[PDB]
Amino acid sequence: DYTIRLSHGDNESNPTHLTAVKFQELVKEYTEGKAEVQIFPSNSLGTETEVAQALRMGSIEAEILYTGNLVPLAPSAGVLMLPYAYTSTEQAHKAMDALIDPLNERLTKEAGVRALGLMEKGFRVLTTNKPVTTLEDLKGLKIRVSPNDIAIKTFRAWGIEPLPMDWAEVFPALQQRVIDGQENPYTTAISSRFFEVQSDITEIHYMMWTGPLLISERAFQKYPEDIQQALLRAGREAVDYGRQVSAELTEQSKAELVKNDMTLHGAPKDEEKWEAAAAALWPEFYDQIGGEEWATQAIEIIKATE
């Protein structure tokens, strides 16, 4: 009856894909069979941003993508990236799910997309070749960030100029000992084998990997309310499920990094200092994330849930 092409940029063992499959099987269920989802993983249909454009005009019906690749089309989505907005996944879940509706009011006007669910795949934790348990421990460290304003300004707010570098340079830079550490999820430190070149991990909470499960707003509207309400449900559940898949993969990654001789210090002893420094930056991001009216509303909602 109806066919949903769903794009994403990861391989099939990723919680992203697993999330996709759940959405697939769940869609088949609530529409009895009137709707089928086909998954196109691993960037088969293009880049995450290109594909986002495909959704605008209806070419491709769905995708899971990193919030950062959506922002260029839909700035309002950038409120999902405010530094230190959440300190835990559970808290984050609650705050985002409160954002979805009003956020969707802006996603549709800006990019002809609607979020069926907001995914997250863990915090960008700090790795180092020495323990960092307080702000002062950051001093003198060369930490690479990806070339974005939020990462760059946050680390600066914390007393060090981070090194904006390309992903591909990060490992070699570590191995050659020409930088001191970096920040990514626990999963990356495993996949990238960062334990061969790093000794410590501190669980800062300035950033998570977030990404909407988007439906095209055209494809969505074309559908009979029977189809719509089913996709709305399958999506929230596929994400709740994927969120849980990620958590598990994270506990597993952790237990393994430790088996590979890394020390996991949990949060910073003086975390409220990191949070404070990061949170004061917020008004400096309003313009790149949809404007002060939306940013502040977004902030109002997030904090209320907290």
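Residue numbers run from 1 along the displayed sequence.
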| item | value |
| --- | --- |
| Segment of higher mean CA temperature factor, 65 to 73 or 260 to 268 | 260 to 268 |
| Comparing 191 to 199 with 219 to 227, the one whose average Cα B-factor in the PDB entry is higher | 219 to 227 |
| Most elevated Cα B-factor in the entry, residues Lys121, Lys153, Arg177, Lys109 | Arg177 |
| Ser7 by Cα B-factor - lowest, middle or highest third of the modelled chain | lowest |
| Chain-relative CA temperature factor third for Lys130 | highest |
| Assigned third (lowest, middle, highest) for the C-alpha B factor of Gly58 | middle |
| Chain-wide C-alpha B factor ranking for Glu293, given as lowest, middle or highest third | middle |
| Ranked C-alpha temperature factor of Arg144 among modelled chain residues, by third | lowest |
